[PDB]
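Report on one structure; see the data block that follows.
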Amino acid sequence: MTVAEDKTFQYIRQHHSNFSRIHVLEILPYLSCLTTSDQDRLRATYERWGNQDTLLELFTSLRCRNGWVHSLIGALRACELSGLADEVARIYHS
């Protein structure tokens, strides 16, 4: 990852409680950096382990993927979390 991506990832880890509001199933179809195999894996993960544990798995999966920060920003806006999107963007460019 880039300096920007790492910095963004740490912001996310540090604001666990804000990001925990994300509904995994709702956000997945918007995350274009995930492959369809990635999405299948993550849905099956949700079914078994529920939203919170899957969120953790979702973020560590994301940062293994090219351009995940922008993928996440777009998805957050689509999931009525445009405020989180704006903070993620600001950190990434900070």
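Ligands are numbered from 1 in the order shown, residues from 1 within each chain, and chains are lettered A, B, ... in the order they appear in the structure tokens.
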Exercise: residue 58 in chain A partners within 10 Å, only C-alpha atoms, chain neighbours under 6 positions left out, as number ranges by chain: A: 24, 28, 34, 38-39, 42, 45-46, 51-52
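Nearest residue to residue 89 in chain A among A:26, A:7, A:63, A:2 is A:7, counting only C-alpha atoms.
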Shell around residue 74 in chain A at 12 Å using only C-alpha atoms, local window under 3 positions removed, as a PyMOL selection string: chain A and resi 27-33+67-71+77-86+88-89
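Taking CA of residue 53 in chain A as the reference point, CA of residue 5 in chain A is found at 21.8 Å.
Of the residues under consideration (A:92, A:14, A:54, A:44), A:92 shows the shortest atom-to-atom contact distance to residue 72 in chain A when counting only C-alpha atoms.
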Min atom-atom distance to residue 65 in chain A from the set A:93, A:25, A:35, A:4, counting only C-alpha atoms, belongs to A:35
Among the residues of chain A, find those DSSP assigns to helix (DSSP H, G or I) from the backbone and print them as a ChimeraX atom specification. /A:3-14,16-19,24-30,36-62,68-78,82-92
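Taking CA of residue 23 in chain A and CA of residue 94 in chain A as endpoints, the distance between them is 27.0 Å.
Remark: for residue 20 in chain A, the closest of the candidate residues A:1, A:36, A:59, A:6 is A:59 (distances computed over only C-alpha atoms).
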